[PDB]
Every structure is written in C-alpha cells, then in structure tokens.
Amino acid sequence: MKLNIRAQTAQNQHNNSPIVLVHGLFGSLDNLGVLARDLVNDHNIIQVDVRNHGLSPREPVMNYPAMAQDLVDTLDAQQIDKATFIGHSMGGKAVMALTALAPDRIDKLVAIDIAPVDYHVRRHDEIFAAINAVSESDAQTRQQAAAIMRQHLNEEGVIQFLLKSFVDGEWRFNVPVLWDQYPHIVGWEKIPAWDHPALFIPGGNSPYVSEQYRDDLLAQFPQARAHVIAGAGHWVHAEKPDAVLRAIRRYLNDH
C-alpha cells in the first residue's frame, strides 16, 4: 500500500533520477535524513516510513515482497517511473527485494550494512524487552523512557535512535507485529540475480556483511560493489555520514 512520505525538490536541476530513502527496523523516515540533506542538493528526495513504522499504515503482514510492493505503490502515487533506492538494513532488504518484483522501477541501488540473507538469529530481544518496559511503566517523556531503557541496554546510541519513535508516551512502530513477524524481518527470501551495478556499504565493526554471506550476496547481486567504512557499527550513516556520502556519490556519478 501507499506509505507515509516526506518529499523534497532538488535545489538544483541536474536530470538525475529521484532518490528514495528507506530506513531499517524500529526506524522512521527521519533516520536517513542525514543523507537526504546532502543528496537533495541535486536530486528530488523521497523519505518513506516503512509499513508498521513512523506514521505509515499498520498491517499484520511483514515480508519483503510486501514491503517491495509498498515501494511500487508509493512510486505510483507520486507518478515516478523509476528511482534510485538507498536502504539501511531492513530497508535495504526491501529495496533488494524490489529488484525481483519490479526491476524496471529501479535505477541504482545502495544497501547500507545489510546482506540478502537469513541471519538465523535473534538480535533484538533486549531491545524488545526495553521497549515493553517503557510501555508498562508510566513514562511519558523521552527522558523518563530513556531511564528505563538504560536498565536494559548499555548502548546510548541505540537508546536515542529508538526514542526518536517515542512520541506522546507511545511508540510509533507497531511492536506486536514487529515481534510476531521478527523471523521474517531478520529472514530472507532468495531472489533472482540482478545484473546491474549495486553498492553495498558495510560497517567495519558490524557482522551484517561479513565473508560468510559473500557467496549468497554475489549470487543475487553479481555486480555488487562493497565499500566498507572502517570504525563504524550497524548504523553506519549515523556514525560516519560523510564517508557514506562519499561512497554513495562515487557510485552515483559512475565515472
């Protein structure tokens, strides 16, 4: 279905395809804003809220073909024939899934710290526990919520990231659905090879795009190009936005 979006016209017309930014699990359209603020200098930008996140509609279903179709529905609503997609983690998986669903609607592709594979692990149990603790408490403000979350998590950056979605004493994302569909989110549905250049930006201090996923990654993205950002964790764009943008533009300029 159609997603909630924030669109902005390029500050300078350069005949470039528009860019759609897609955030990851527990995120919102503001998360890739750091990239949008730079890319808007010469590209029309579309920032989306993935289903069950931010102010986008809620649905009990959460799988990549569905999320990819959401992107198509959103492009159709904006009357955009083709666009370049940049997605982080879960959003990167939705974008990769789109290459199999509607390849003609995609120009270039950037996947930030993510691989097209089923990770077969639970990596958010403590985060879910923190989220639930906040909901159970009487916390109404971000500060009050943070206090409770610090009792479960010790990564301040993660706490602050999650709190962006804590408004009016309520979580913007659909917790029940994210928990129920978790296996599908960390999971993956193998797709046919996309025979076009694709940029992968892994974090040097993250296991999301390590060597054990290389075979599967190349099987689906034969012309994959990787640009590892040293000293960066999973939210690479939050830690080293400049490094991420340099990689993105080198790929977009395709010299």
Side-chain angles (χ1 to χ4, degrees), residues 1-9 17-33 35-36 39-40 43-112 114 116 118 124 128 131 135 161-162 164-168 170-192 194 198 220:
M1 85 303 202
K2 301 166 66 176
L3 303 173
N4 172 227
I5 76 297
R6 184 67 59 63
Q8 201 166 58
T9 303
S17 296
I19 295 180
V20 178
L21 301 167
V22 190
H23 67 78
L25 184 63
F26 296 126
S28 62
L29 63 76
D30 197 56
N31 199 61
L32 278 64
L35 303 186
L39 292 166
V40 69
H43 298 82
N44 284 347
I45 304 295
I46 297 81
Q47 284 165 260
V48 312
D49 268 331
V50 171
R51 62 164 58 194
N52 292 132
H53 293 258
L55 291 174
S56 263
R58 280 79 250 290
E59 281 304 324
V61 177
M62 202 72 177
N63 60 72
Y64 292 111
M67 284 183 257
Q69 185 52 50
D70 289 349
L71 295 180
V72 174
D73 291 336
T74 299
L75 286 187
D76 285 341
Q78 299 173 303
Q79 292 187 297
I80 294 173
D81 302 307
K82 180 186 62 175
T84 283
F85 288 83
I86 299 180
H88 172 243
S89 208
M90 175 190 75
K93 273 184 173 177
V95 169
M96 290 186 283
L98 181 60
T99 67
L101 186 63
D104 300 320
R105 306 303 293 280
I106 307 171
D107 189 348
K108 293 195 169 190
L109 181 161
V110 181
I112 307 177
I114 186 68
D118 182 337
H124 299 78
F128 271 112
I131 291 174
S135 296
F161 159 64
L162 295 172
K164 294 290 188 170
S165 287
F166 188 64
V167 182
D168 299 306
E170 291 293 307
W171 292 109
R172 280 292 166 84
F173 41 65
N174 195 343
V175 180
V177 172
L178 297 185
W179 172 267
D180 183 72
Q181 301 285 287
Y182 189 77
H184 306 311
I185 297 169
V186 301
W188 181 246
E189 186 64 50
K190 282 184 172 57
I191 65 176
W194 191 58
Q220 300 168 92

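When a residue number appears, it is its place in the shown sequence, counting from 1.
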Practice item. Would you name the heavy atoms of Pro18 and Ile80 that are closest together and state the gap between them? Key: CG-CG2, 3.7 Å
Study note, to complete from the structure: Tightest non-hydrogen contact, residues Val50 and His23, listed as N-NE2, 3.0 Å
**Study point:** Partners passing salt bridge (charged side-chain N to carboxylate O under 4.0 Å, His left out) against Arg6 (at least two apart in sequence or in another chain)
**Key:**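 Salt bridge (charged side-chain N to carboxylate O under 4.0 Å, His left out) check on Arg6 returns nothing, list empty.
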**Study point:** salt bridge (charged side-chain N to carboxylate O under 4.0 Å, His left out) partners for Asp70, two or more places apart
**Key:**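 Residues passing salt bridge (charged side-chain N to carboxylate O under 4.0 Å, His left out) with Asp70: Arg51.
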Exercise for review: Just jot down the side-chain hydrogen bond (donor to acceptor under 3.5 Å, both in side chains) partners of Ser17, sequence neighbours excluded, or say none.
Suggested key: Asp107
Check your understanding: Looking at residues at least two apart in the chain, or sitting in another chain, which of them share a side-chain hydrogen bond (donor to acceptor under 3.5 Å, both in side chains) with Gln181?
Key -> none
Backbone N/O of [Y] and side chain of [X]: donor-acceptor pair under 3.5 Å:
{"X": "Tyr64", "Y": "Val95", "value": "no"}
{"X": "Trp179", "Y": "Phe128", "value": "no"}
{"X": "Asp30", "Y": "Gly33", "value": "no"}
{"X": "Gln220", "Y": "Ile191", "value": "yes"}

Practice item. Would you mind listing every side-chain hydrogen bond (donor to acceptor under 3.5 Å, both in side chains) that reaches into residues 91-106, with sequence neighbours excluded? Key: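 Listed once each, the pairs are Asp76-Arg105.
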Let me check something: any side-chain donor-acceptor pairs from residues 52-60 under 3.5 Å, sequence neighbours excluded? List them with distances.
from: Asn52; atom 1: ND2; to: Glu59; atom 2: O; distance (Å): 3.3
from: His53; atom 1: ND1; to: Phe26; atom 2: N; distance (Å): 3.4
from: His53; atom 1: ND1; to: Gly27; atom 2: O; distance (Å): 3.3
from: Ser56; atom 1: OG; to: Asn4; atom 2: N; distance (Å): 2.9
from: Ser56; atom 1: OG; to: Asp49; atom 2: O; distance (Å): 2.6
from: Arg58; atom 1: NE; to: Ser56; atom 2: O; distance (Å): 2.8
from: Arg58; atom 1: NH1; to: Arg172; atom 2: O; distance (Å): 3.0
from: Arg58; atom 1: NH2; to: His53; atom 2: O; distance (Å): 3.2
from: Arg58; atom 1: NH2; to: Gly54; atom 2: O; distance (Å): 2.9
from: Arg58; atom 1: NH2; to: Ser56; atom 2: O; distance (Å): 3.0
from: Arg58; atom 1: NH2; to: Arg172; atom 2: O; distance (Å): 3.1

Exercise for review: Would you please test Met96 and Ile114 for side chain to side chain contact (heavy atoms under 4.5 Å, CB included) and show each step?
Suggested key: CA-CA 10 Å; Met96 290 186 283; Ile114 186 68; 4.1 Å; yes
Check your understanding: Take atom CG in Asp81; do more than 12 heavy atoms of anything else shown fall under 6.0 Å from it?
Key ->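 It does not: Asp81 CG has 12 such atoms or fewer within range.
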